[PDB]
$ cat query_19.pdb   # PDB, C-alpha atoms (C1' of nucleotides)
ATOM      1  CA  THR A   1      -5.918  -1.412 -15.118
ATOM      2  CA  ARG A   2      -7.841  -0.338 -12.013
ATOM      3  CA  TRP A   3     -10.713  -2.495 -10.813
ATOM      4  CA  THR A   4     -14.096  -0.764 -10.783
ATOM      5  CA  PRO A   5     -16.717  -2.537  -8.644
ATOM      6  CA  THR A   6     -20.178  -3.187 -10.009
ATOM      7  CA  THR A   7     -23.180  -2.379  -7.829
ATOM      8  CA  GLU A   8     -23.713  -6.117  -7.338
ATOM      9  CA  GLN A   9     -20.080  -6.742  -6.366
ATOM     10  CA  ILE A  10     -20.245  -3.949  -3.781
ATOM     11  CA  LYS A  11     -23.442  -5.245  -2.173
ATOM     12  CA  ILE A  12     -22.134  -8.820  -2.020
ATOM     13  CA  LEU A  13     -18.986  -7.488  -0.342
ATOM     14  CA  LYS A  14     -20.977  -5.382   2.129
ATOM     15  CA  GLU A  15     -23.159  -8.441   2.763
ATOM     16  CA  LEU A  16     -20.122 -10.498   3.780
ATOM     17  CA  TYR A  17     -18.741  -7.600   5.823
ATOM     18  CA  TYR A  18     -21.871  -6.661   7.765
ATOM     19  CA  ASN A  19     -23.847  -9.925   7.955
ATOM     20  CA  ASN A  20     -21.039 -12.513   7.932
ATOM     21  CA  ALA A  21     -18.531 -10.324   9.832
ATOM     22  CA  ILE A  22     -15.663 -10.997   7.428
ATOM     23  CA  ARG A  23     -12.793  -8.654   8.277
ATOM     24  CA  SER A  24      -9.449 -10.229   7.240
ATOM     25  CA  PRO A  25     -10.432 -13.204   5.057
ATOM     26  CA  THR A  26      -7.979 -16.042   4.620
ATOM     27  CA  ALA A  27      -6.506 -16.516   1.156
ATOM     28  CA  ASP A  28      -8.786 -19.545   0.759
ATOM     29  CA  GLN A  29     -11.834 -17.346   1.412
ATOM     30  CA  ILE A  30     -10.380 -14.693  -0.907
ATOM     31  CA  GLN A  31     -10.507 -17.275  -3.700
ATOM     32  CA  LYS A  32     -14.091 -18.227  -2.805
ATOM     33  CA  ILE A  33     -15.236 -14.594  -2.832
ATOM     34  CA  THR A  34     -13.361 -13.691  -6.026
ATOM     35  CA  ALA A  35     -14.898 -16.760  -7.669
ATOM     36  CA  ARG A  36     -18.408 -15.510  -6.897
ATOM     37  CA  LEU A  37     -17.685 -11.884  -7.824
ATOM     38  CA  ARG A  38     -16.070 -12.887 -11.137
ATOM     39  CA  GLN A  39     -19.590 -13.406 -12.528
ATOM     40  CA  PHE A  40     -20.054  -9.622 -12.669
ATOM     41  CA  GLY A  41     -16.730  -8.589 -14.217
ATOM     42  CA  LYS A  42     -12.991  -9.078 -14.135
ATOM     43  CA  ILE A  43     -11.598  -9.163 -10.598
ATOM     44  CA  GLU A  44      -8.580 -10.605  -8.790
ATOM     45  CA  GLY A  45      -7.998 -11.849  -5.267
ATOM     46  CA  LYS A  46      -5.999  -8.724  -4.464
ATOM     47  CA  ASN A  47      -9.082  -6.621  -5.243
ATOM     48  CA  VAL A  48     -11.172  -8.246  -2.509
ATOM     49  CA  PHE A  49      -8.129  -8.145  -0.201
ATOM     50  CA  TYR A  50      -7.610  -4.414  -0.728
ATOM     51  CA  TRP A  51     -11.366  -3.822  -0.522
ATOM     52  CA  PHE A  52     -11.656  -5.307   2.969
ATOM     53  CA  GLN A  53      -8.597  -3.383   4.177
ATOM     54  CA  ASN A  54      -9.850  -0.156   2.590
ATOM     55  CA  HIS A  55     -13.366  -0.693   3.945
ATOM     56  CA  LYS A  56     -12.049  -1.216   7.481
ATOM     57  CA  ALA A  57     -10.162   2.069   7.124
ATOM     58  CA  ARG A  58     -13.397   3.603   5.819
ATOM     59  CA  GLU A  59     -15.299   2.359   8.877
ATOM     60  CA  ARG A  60     -12.728   3.604  11.398
ATOM     61  CA  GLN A  61     -13.015   7.116   9.948
ATOM     62  CA  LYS A  62     -16.787   7.018  10.484
ATOM     63  CA  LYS A  63     -16.308   6.312  14.194
ATOM     64  CA  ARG A  64     -14.021   9.354  14.442
TER      65      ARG A  64
ATOM     66  CA  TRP B   1       7.182 -20.028   9.912
ATOM     67  CA  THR B   2      10.879 -20.901  10.154
ATOM     68  CA  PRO B   3      12.985 -20.083   7.069
ATOM     69  CA  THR B   4      15.586 -22.559   5.913
ATOM     70  CA  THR B   5      19.090 -21.240   5.256
ATOM     71  CA  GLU B   6      18.828 -21.762   1.488
ATOM     72  CA  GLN B   7      15.639 -19.675   1.388
ATOM     73  CA  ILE B   8      17.482 -16.749   2.987
ATOM     74  CA  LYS B   9      20.248 -16.922   0.373
ATOM     75  CA  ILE B  10      17.676 -16.895  -2.440
ATOM     76  CA  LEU B  11      15.779 -13.998  -0.855
ATOM     77  CA  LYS B  12      18.978 -12.034  -0.232
ATOM     78  CA  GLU B  13      20.016 -12.865  -3.808
ATOM     79  CA  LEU B  14      16.810 -11.386  -5.227
ATOM     80  CA  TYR B  15      16.885  -8.427  -2.838
ATOM     81  CA  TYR B  16      20.537  -7.369  -3.131
ATOM     82  CA  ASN B  17      21.592  -8.478  -6.636
ATOM     83  CA  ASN B  18      18.262  -8.398  -8.485
ATOM     84  CA  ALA B  19      17.066  -5.250  -6.640
ATOM     85  CA  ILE B  20      13.575  -6.501  -5.759
ATOM     86  CA  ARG B  21      11.847  -4.369  -3.110
ATOM     87  CA  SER B  22       8.080  -4.629  -3.776
ATOM     88  CA  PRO B  23       7.597  -7.658  -6.055
ATOM     89  CA  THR B  24       4.399  -7.918  -8.065
ATOM     90  CA  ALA B  25       2.069 -10.824  -7.290
ATOM     91  CA  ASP B  26       3.325 -12.716 -10.352
ATOM     92  CA  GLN B  27       6.903 -12.300  -9.117
ATOM     93  CA  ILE B  28       5.799 -13.185  -5.573
ATOM     94  CA  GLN B  29       4.581 -16.624  -6.655
ATOM     95  CA  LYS B  30       7.477 -17.029  -9.104
ATOM     96  CA  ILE B  31       9.846 -16.655  -6.141
ATOM     97  CA  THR B  32       7.590 -19.005  -4.171
ATOM     98  CA  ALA B  33       7.824 -21.540  -7.015
ATOM     99  CA  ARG B  34      11.608 -21.802  -6.652
ATOM    100  CA  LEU B  35      11.427 -21.756  -2.842
ATOM    101  CA  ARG B  36       8.956 -24.674  -2.645
ATOM    102  CA  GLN B  37      12.016 -26.919  -3.080
ATOM    103  CA  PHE B  38      13.280 -26.272   0.453
ATOM    104  CA  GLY B  39      10.355 -26.659   2.862
ATOM    105  CA  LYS B  40       7.108 -25.149   4.076
ATOM    106  CA  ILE B  41       6.065 -22.105   2.090
ATOM    107  CA  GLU B  42       3.262 -19.657   1.290
ATOM    108  CA  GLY B  43       2.994 -16.552  -0.869
ATOM    109  CA  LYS B  44       2.399 -14.269   2.117
ATOM    110  CA  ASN B  45       5.809 -15.167   3.577
ATOM    111  CA  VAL B  46       7.688 -13.629   0.644
ATOM    112  CA  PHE B  47       5.380 -10.612   0.895
ATOM    113  CA  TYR B  48       6.003 -10.272   4.638
ATOM    114  CA  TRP B  49       9.742 -10.918   4.265
ATOM    115  CA  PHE B  50      10.361  -8.217   1.661
ATOM    116  CA  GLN B  51       8.232  -5.767   3.652
ATOM    117  CA  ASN B  52      10.185  -6.521   6.834
ATOM    118  CA  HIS B  53      13.598  -6.595   5.147
ATOM    119  CA  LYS B  54      13.031  -3.151   3.613
ATOM    120  CA  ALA B  55      12.109  -1.836   7.068
ATOM    121  CA  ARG B  56      15.408  -3.105   8.486
ATOM    122  CA  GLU B  57      17.692  -1.752   5.758
ATOM    123  CA  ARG B  58      15.876   1.564   6.117
ATOM    124  CA  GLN B  59      15.678   1.737   9.921
ATOM    125  CA  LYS B  60      19.475   1.398   9.979
ATOM    126  CA  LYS B  61      19.905   4.154   7.360
TER     127      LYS B  61
ATOM    128  CA  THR C   1       6.402   1.414  -9.301
ATOM    129  CA  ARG C   2       4.448   4.454  -8.121
ATOM    130  CA  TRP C   3       6.315   7.600  -7.132
ATOM    131  CA  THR C   4       7.189   7.981  -3.450
ATOM    132  CA  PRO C   5       8.280  11.506  -2.446
ATOM    133  CA  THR C   6      11.552  11.958  -0.609
ATOM    134  CA  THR C   7      11.566  13.973   2.613
ATOM    135  CA  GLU C   8      13.065  17.022   0.893
ATOM    136  CA  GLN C   9      10.656  16.747  -2.054
ATOM    137  CA  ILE C  10       7.665  16.953   0.293
ATOM    138  CA  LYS C  11       9.369  19.890   2.017
ATOM    139  CA  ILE C  12       9.598  21.734  -1.307
ATOM    140  CA  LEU C  13       6.086  20.845  -2.486
ATOM    141  CA  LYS C  14       4.381  21.850   0.764
ATOM    142  CA  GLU C  15       6.522  25.004   0.742
ATOM    143  CA  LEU C  16       5.183  25.887  -2.715
ATOM    144  CA  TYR C  17       1.623  25.059  -1.645
ATOM    145  CA  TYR C  18       1.528  26.975   1.649
ATOM    146  CA  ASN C  19       4.090  29.765   1.138
ATOM    147  CA  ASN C  20       3.717  30.366  -2.609
ATOM    148  CA  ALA C  21      -0.051  29.631  -2.663
ATOM    149  CA  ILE C  22       0.200  27.301  -5.667
ATOM    150  CA  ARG C  23      -2.949  25.206  -6.186
ATOM    151  CA  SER C  24      -3.377  24.424  -9.922
ATOM    152  CA  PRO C  25       0.025  25.107 -11.517
ATOM    153  CA  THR C  26       0.286  25.857 -15.211
ATOM    154  CA  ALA C  27       2.098  23.239 -17.290
ATOM    155  CA  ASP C  28       5.123  25.538 -17.504
ATOM    156  CA  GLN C  29       5.241  25.722 -13.702
ATOM    157  CA  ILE C  30       5.100  21.919 -13.563
ATOM    158  CA  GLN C  31       8.212  21.813 -15.760
ATOM    159  CA  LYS C  32      10.025  24.203 -13.412
ATOM    160  CA  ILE C  33       8.853  22.339 -10.297
ATOM    161  CA  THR C  34       9.798  19.041 -11.970
ATOM    162  CA  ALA C  35      13.254  20.502 -12.624
ATOM    163  CA  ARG C  36      14.044  21.197  -8.967
ATOM    164  CA  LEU C  37      12.542  18.002  -7.545
ATOM    165  CA  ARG C  38      14.463  15.871 -10.059
ATOM    166  CA  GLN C  39      17.633  17.351  -8.571
ATOM    167  CA  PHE C  40      16.502  15.353  -5.500
ATOM    168  CA  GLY C  41      15.095  12.122  -6.937
ATOM    169  CA  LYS C  42      13.144  10.310  -9.642
ATOM    170  CA  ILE C  43       9.897  12.197 -10.344
ATOM    171  CA  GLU C  44       7.801  13.090 -13.370
ATOM    172  CA  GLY C  45       5.704  16.036 -14.409
ATOM    173  CA  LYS C  46       2.649  13.815 -13.900
ATOM    174  CA  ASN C  47       3.583  13.452 -10.203
ATOM    175  CA  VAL C  48       3.506  17.189  -9.482
ATOM    176  CA  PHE C  49       0.263  17.394 -11.449
ATOM    177  CA  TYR C  50      -1.278  14.596  -9.364
ATOM    178  CA  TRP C  51       0.235  15.881  -6.112
ATOM    179  CA  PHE C  52      -1.208  19.396  -6.246
ATOM    180  CA  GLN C  53      -4.630  17.967  -7.089
ATOM    181  CA  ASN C  54      -4.356  15.252  -4.432
ATOM    182  CA  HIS C  55      -3.088  17.583  -1.697
ATOM    183  CA  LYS C  56      -5.854  20.090  -2.436
ATOM    184  CA  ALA C  57      -8.415  17.277  -2.204
ATOM    185  CA  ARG C  58      -6.823  15.961   0.998
ATOM    186  CA  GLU C  59      -6.923  19.455   2.512
ATOM    187  CA  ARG C  60     -10.486  19.972   1.262
ATOM    188  CA  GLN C  61     -11.717  16.693   2.755
ATOM    189  CA  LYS C  62      -9.758  17.277   5.973
ATOM    190  CA  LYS C  63     -11.686  20.517   6.494
ATOM    191  CA  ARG C  64     -14.896  18.484   6.155
TER     192      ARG C  64
ATOM    193  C1'  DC D   1      17.477  -6.801  20.027
ATOM    194  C1'  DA D   2      16.219 -10.098  15.871
ATOM    195  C1'  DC D   3      12.024 -12.218  13.645
ATOM    196  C1'  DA D   4       7.603 -13.129  11.466
ATOM    197  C1'  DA D   5       3.062 -11.566  11.592
ATOM    198  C1'  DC D   6      -0.404  -8.288  10.691
ATOM    199  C1'  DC D   7      -2.910  -4.196  11.679
ATOM    200  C1'  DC D   8      -3.508   0.875  10.941
ATOM    201  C1'  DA D   9      -2.877   5.939   8.402
ATOM    202  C1'  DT D  10      -1.477   7.578   4.693
ATOM    203  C1'  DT D  11      -1.641   8.434  -0.282
ATOM    204  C1'  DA D  12      -0.268   8.122  -5.250
ATOM    205  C1'  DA D  13      -2.670   6.840  -9.366
ATOM    206  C1'  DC D  14      -6.428   6.377 -11.969
ATOM    207  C1'  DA D  15     -11.527   5.607 -12.594
ATOM    208  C1'  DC D  16     -15.640   8.293 -13.039
TER     209       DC D  16
ATOM    210  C1'  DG E   1     -12.868  18.231  -9.443
ATOM    211  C1'  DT E   2     -14.543  13.918  -7.021
ATOM    212  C1'  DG E   3     -14.204   9.101  -5.353
ATOM    213  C1'  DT E   4     -11.650   5.099  -4.410
ATOM    214  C1'  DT E   5      -8.466   1.549  -5.630
ATOM    215  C1'  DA E   6      -3.745   0.146  -5.161
ATOM    216  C1'  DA E   7      -0.008   0.408  -2.469
ATOM    217  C1'  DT E   8       3.755   2.351   0.678
ATOM    218  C1'  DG E   9       5.053   2.623   5.600
ATOM    219  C1'  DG E  10       5.162   3.001  10.531
ATOM    220  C1'  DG E  11       4.150   0.894  14.427
ATOM    221  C1'  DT E  12       3.076  -3.213  17.403
ATOM    222  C1'  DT E  13       2.771  -7.920  19.133
ATOM    223  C1'  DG E  14       4.679 -12.666  19.341
ATOM    224  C1'  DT E  15       8.618 -15.295  20.029
ATOM    225  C1'  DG E  16      13.584 -16.244  20.990
TER     226       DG E  16
END
$ encode --input "query_19.pdb" --output "structure tokens"
Amino acid sequence: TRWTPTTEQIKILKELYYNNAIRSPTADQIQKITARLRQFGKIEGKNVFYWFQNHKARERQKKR
Amino acid sequence: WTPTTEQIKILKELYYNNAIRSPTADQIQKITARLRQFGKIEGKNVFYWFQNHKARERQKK
Amino acid sequence: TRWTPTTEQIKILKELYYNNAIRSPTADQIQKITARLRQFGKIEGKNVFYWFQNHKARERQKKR
DNA sequence: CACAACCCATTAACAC
DNA sequence: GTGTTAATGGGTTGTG
């Protein structure tokens, strides 16, 4: 089943992206982030992985 | 990363006789579990290998 | 595994979209489109349903 | 040229 | 219809 991000999960992710400058997190970091985001709903390490890749693609379309 | 010979035979086994192209993450680590016997190993290597091996079969087609 | 369109299947779909002006095909038309594309590879009626919606959205957003 | 490695664009599928 | 998650793929760099 698809992952649907909660408002809290999105803001924590955007926090790490914009204030901590996380772009391609190591698998160790992926486990740390998934661990924190699991408080708000079911989520896997691939979800945060795909989110960072998708968000970088989202950013590069804004600069266009 | 440098693959040992026995890892290549297991990968080519799974790819050519078991018809794995894009293994699911459970399968990725299940392959990794059997490959941990032969040397250094991570889950991303099997991901990268199957992605690269498909590109080669298909570039030559 | 998700459906990946073959080169000739995209050729036929984009033909139907741009030369036959098909946007939201009736379920009968899906069956007929499914018939021809299956003569070229593994597809389902759900694929042609998703594709015409997704290509219309992609063309919509591309205009924006 | 082969090899792993890892981006970058594209998009099918499904959530709403 | 809309938005985005989950992947598929092409191209590129590194190394030999």
$ calpha_fit_and_write --input "query_19.pdb" --fixed "chain A" --moving "chain C" --output "compact mmCIF listing (two decimals) with C-alpha atoms, keeping the file's coordinate frame"
# COMPACT_ATOMS: atom_id res chain seq x y z
CA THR C 1 -6.79 0.34 -15.15
CA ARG C 2 -7.77 0.06 -11.49
CA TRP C 3 -10.68 -2.15 -10.50
CA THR C 4 -14.09 -0.49 -10.25
CA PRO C 5 -16.74 -2.58 -8.45
CA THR C 6 -20.05 -3.22 -10.17
CA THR C 7 -23.26 -2.47 -8.27
CA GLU C 8 -23.87 -6.16 -7.54
CA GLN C 9 -20.24 -6.73 -6.50
CA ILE C 10 -20.51 -4.01 -3.84
CA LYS C 11 -23.82 -5.57 -2.76
CA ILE C 12 -22.09 -8.92 -2.22
CA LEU C 13 -19.00 -7.48 -0.52
CA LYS C 14 -20.93 -5.30 1.92
CA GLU C 15 -23.22 -8.28 2.55
CA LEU C 16 -20.20 -10.39 3.53
CA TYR C 17 -18.82 -7.56 5.67
CA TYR C 18 -21.98 -6.66 7.59
CA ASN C 19 -23.99 -9.92 7.59
CA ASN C 20 -21.16 -12.47 7.65
CA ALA C 21 -18.84 -10.31 9.82
CA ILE C 22 -15.82 -10.84 7.55
CA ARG C 23 -12.98 -8.40 8.27
CA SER C 24 -9.62 -10.05 7.42
CA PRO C 25 -10.47 -13.04 5.20
CA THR C 26 -8.07 -15.95 4.92
CA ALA C 27 -6.48 -16.44 1.50
CA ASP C 28 -8.78 -19.41 0.88
CA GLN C 29 -11.81 -17.19 1.55
CA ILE C 30 -10.43 -14.65 -0.92
CA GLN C 31 -10.38 -17.38 -3.57
CA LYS C 32 -14.01 -18.25 -2.84
CA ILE C 33 -15.07 -14.59 -2.76
CA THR C 34 -13.08 -13.99 -5.97
CA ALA C 35 -14.96 -16.91 -7.53
CA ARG C 36 -18.43 -15.42 -7.02
CA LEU C 37 -17.53 -11.82 -7.89
CA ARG C 38 -15.85 -12.94 -11.13
CA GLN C 39 -19.22 -14.39 -12.13
CA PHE C 40 -20.22 -10.69 -12.18
CA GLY C 41 -17.18 -8.91 -13.63
CA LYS C 42 -13.41 -8.57 -13.92
CA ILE C 43 -11.84 -8.71 -10.44
CA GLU C 44 -8.75 -10.20 -8.84
CA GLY C 45 -7.93 -11.75 -5.51
CA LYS C 46 -5.88 -8.63 -4.77
CA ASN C 47 -9.05 -6.51 -5.07
CA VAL C 48 -10.94 -8.38 -2.34
CA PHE C 49 -7.79 -8.25 -0.22
CA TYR C 50 -7.53 -4.48 -0.69
CA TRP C 51 -11.28 -3.94 -0.35
CA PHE C 52 -11.71 -5.58 3.05
CA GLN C 53 -8.72 -3.64 4.37
CA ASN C 54 -9.89 -0.39 2.76
CA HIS C 55 -13.51 -0.72 3.91
CA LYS C 56 -12.40 -1.50 7.46
CA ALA C 57 -10.17 1.60 7.40
CA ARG C 58 -12.97 3.70 5.90
CA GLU C 59 -15.36 2.49 8.61
CA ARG C 60 -12.70 3.02 11.29
CA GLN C 61 -11.97 6.59 10.18
CA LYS C 62 -15.68 7.34 9.71
CA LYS C 63 -16.25 6.51 13.39
CA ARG C 64 -13.53 9.05 14.22
$ resolve_selection --input "query_19.pdb" --expression "the PyMOL selection byres ((chain D) within 9 of (chain A))" --output "number ranges by chain"
D: 8-9, 14-15
$ closest_residue --input "query_19.pdb" --among "C:62, C:33, C:55, C:46" --to "residue 18 in chain C" --atoms "only C-alpha atoms"
C:55
$ atom_distance --input "query_19.pdb" --atom1 "CA of residue 52 in chain C" --atom2 "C1' of residue 7 in chain D"
29.7 Å
$ resolve_selection --input "query_19.pdb" --expression "the PyMOL selection byres ((chain B and resi 42-50) around 8)" --output "PyMOL selection string"
(chain B and resi 15+21-23+28-29+31-32+40-41+51-54) or (chain D and resi 4-5)
$ resolve_selection --input "query_19.pdb" --expression "the PyMOL selection byres ((chain E) within 12 of (chain C))" --output "count of residues only"
7
$ atom_distance --input "query_19.pdb" --atom1 "CA of residue 17 in chain A" --atom2 "CA of residue 58 in chain A"
12.4 Å
$ atom_distance --input "query_19.pdb" --atom1 "CA of residue 5 in chain C" --atom2 "CA of residue 30 in chain C"
15.6 Å
$ axis_aligned_box --input "query_19.pdb" --around "range 26-37 of chain B" --padding-each-side "5 Å" --output "AutoDock Vina command-line options"
--center_x 7.7 --center_y -19.6 --center_z -6.5 --size_x 18.7 --size_y 24.6 --size_z 17.7
$ closest_atom_pairs --input "query_19.pdb" --of "chain A" --to "chain B" --cutoff "12 Å" --atoms "all atoms listed in the file" --output "JSON lines"
{"residue": "A:26", "atom": "CA", "partner": "B:44", "partner_atom": "CA", "distance": 10.8}
{"residue": "A:27", "atom": "CA", "partner": "B:44", "partner_atom": "CA", "distance": 9.2}
{"residue": "A:44", "atom": "CA", "partner": "B:25", "partner_atom": "CA", "distance": 10.8}
{"residue": "A:45", "atom": "CA", "partner": "B:25", "partner_atom": "CA", "distance": 10.3}
{"residue": "A:46", "atom": "CA", "partner": "B:25", "partner_atom": "CA", "distance": 8.8}
$ residues_near_point --input "query_19.pdb" --point "(10.2, -16.8, 21.8)" --cutoff "12 Å" --atoms "all atoms listed in the file" --output "VMD selection string"
(chain D and resid 2 to 4) or (chain E and resid 13 to 16)
